[PDB]
Amino acid sequence: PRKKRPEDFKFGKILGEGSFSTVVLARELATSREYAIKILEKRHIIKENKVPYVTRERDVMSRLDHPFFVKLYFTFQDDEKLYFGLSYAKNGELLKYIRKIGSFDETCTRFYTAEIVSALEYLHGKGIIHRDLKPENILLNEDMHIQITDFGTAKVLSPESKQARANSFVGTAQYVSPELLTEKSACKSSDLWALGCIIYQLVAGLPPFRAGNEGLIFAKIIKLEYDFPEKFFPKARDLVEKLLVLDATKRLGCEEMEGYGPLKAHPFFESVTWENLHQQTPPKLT
Ligand SMILES: Nc1ncnc2c1ncn2[C@@H]1O[C@H](COP(=O)(O)OP(=O)(O)OP(=O)(O)O)[C@@H](O)[C@H]1O
Ligand SMILES: [Cl-]
């Protein structure tokens with residue numbers, strides 16, 4: 001289609017602001033479609049060494065075509081700004097719901113966990129590591145299905161070299177894997193560690209490794225220092241214990257453990273119908 005330009009849109013409210021970006025709700029005049037447009041100031045990206053992250057976000061998102069990810073529909077630029085035209089995730093961040101309700105019941109934990117698993121199976125099947133998976137980066141569409149975002153710190157592993165490890169230090173302290181901290185690289189299984197943290201957080205209300213200082217969190221991660229609250233769905237506890245494993249080759253779902261089939265077969269997921277999840281009505285969050 002014709003390359004889009006800023007004047008092809010009418011902007012509405014600011015949906016959010018990052019360190020180097022503003023996301024605005026926009027309507028495209030010629031179609032009346034709604035988009036979330038992420039806008040970055042070139043001068044700021046250039047001054048602050050962010051060009052590789054912006055180009056990575058574009059490159060990674062352009063590869064994805066799955067219902068559980070924010071879609072990148074188009075990109076354009078003008079003299080001052082870069083623009084990404086994204087699907088609008090009307091219901092915002094998963095984290096908002098954890099905070100408000102405190103935790104999720106078993107049905108809701110299972111459903112949202114299954115969507116995240118399905119998303120990770122797709123991403124890992126394309127040889128992509130997210131590296132910053134966390135509830136703030138799991139958005140929710142109007143129908144309350146997940147829309148994973150934040151790909152500027154993802155990594156496409158090279159198929160040509162059969163690359164498995166990625167060397168950049170990126171992530172969020174509560175969710176960062178022990179291998180990145182101790183070996184200085186991440187792998188696809190690093191996202192499975194984050195998944196374990198997220199499942200724990202949905203059930204318990206807080207992620208498992210937490211402190212007021214990042215270094216204190218790192219020290220607990222590397223020692224596997226965490227505990228479960230007395231009441232925690234038992235099959236979910238078992239699943240978390242199979243994900244929060246220091247040795248990245250021993251996490252359920254990883255390539256060395258024979259991939260996503262065994263993970264989808266975990267007893268916590270016994271009632272899940274994997275094949276049409278994105279067309280199922282999500283359970284109401286109460
Ligand atoms: N597609 C979208 N639909 C709805 N809201 C969105 C969408 N994408 C991002 N947001 C919201 O806009 C803000 C996120 O912005 P963005 O990706 O620009 O930066 P960030 O990742 O939050 O920040 P930082 O770069 O500082 O880590 C957040 O509140 C986020 O939830
Ligand atoms: Cl950036």
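We number each residue from 1, following the sequence as shown. In each ligand, atom 1 is the first atom listed, and ligand 1 is the first ligand listed. Values reported hereafter were calculated over all heavy atoms of this structure, with side chains retained and with hydrogens, waters and symmetry mates removed.
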Ligand 1 N/O within reach of [X] N/O, cut-off under 3.5 Å:
X	result
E93	yes
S21	yes
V70	no

- Message: So that I can tick it off, tell me whether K4 and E28 are bridged by a salt bridge, with the cut-off set at under 4.0 angstrom between side-chain N and carboxylate O.
- Response: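 Yes.
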- Task: Describe, in one word, how the ring planes of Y200 and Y226 are oriented to each other, choosing from parallel (under 30°), tilted (30 to 60°) and perpendicular (over 60°).
- Result: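 Perpendicular.
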- Assign the ring pair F104 / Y112 to parallel, tilted or perpendicular, where the plane angle (0 to 90°) is split at 30° and 60°.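 Perpendicular, since the angle between the ring planes exceeds 60°.
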Which atoms from ligand 1 have a heavy atom of [X] less than 4.0 Å away?
X	answer
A36	1 (N), 2 (C), 3 (N)
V23	9 (C), 12 (O), 15 (O), 18 (O)
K38	16 (P), 17 (O), 18 (O)

- Take every heavy atom of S87, measure it against each atom of ligand 1, and state whether any distance is under 4.0 Å. yes
- Query: Hey, looking at atom 10 (N) of ligand 1, which of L25, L139, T172, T153 has the closest heavy atom?
  - Reply: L139
- Query: Do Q163 and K155 meet the criterion of a side-chain donor-acceptor pair at a distance under 3.5 Å?
  - Reply: no
- Message: Could you check whether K134 makes a cation-pi contact with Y175, meaning its NZ or CZ is under 6.0 Å from the centre of the six-membered ring and within 45° of the ring axis?
- Response: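 Verdict for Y175: no cation-pi partner in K134.
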- Message: Using the rule side-chain contact (heavy atoms from CB on, under 4.5 Å), only one of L239, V117, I116 pairs with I199; which is it?
- Response: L239
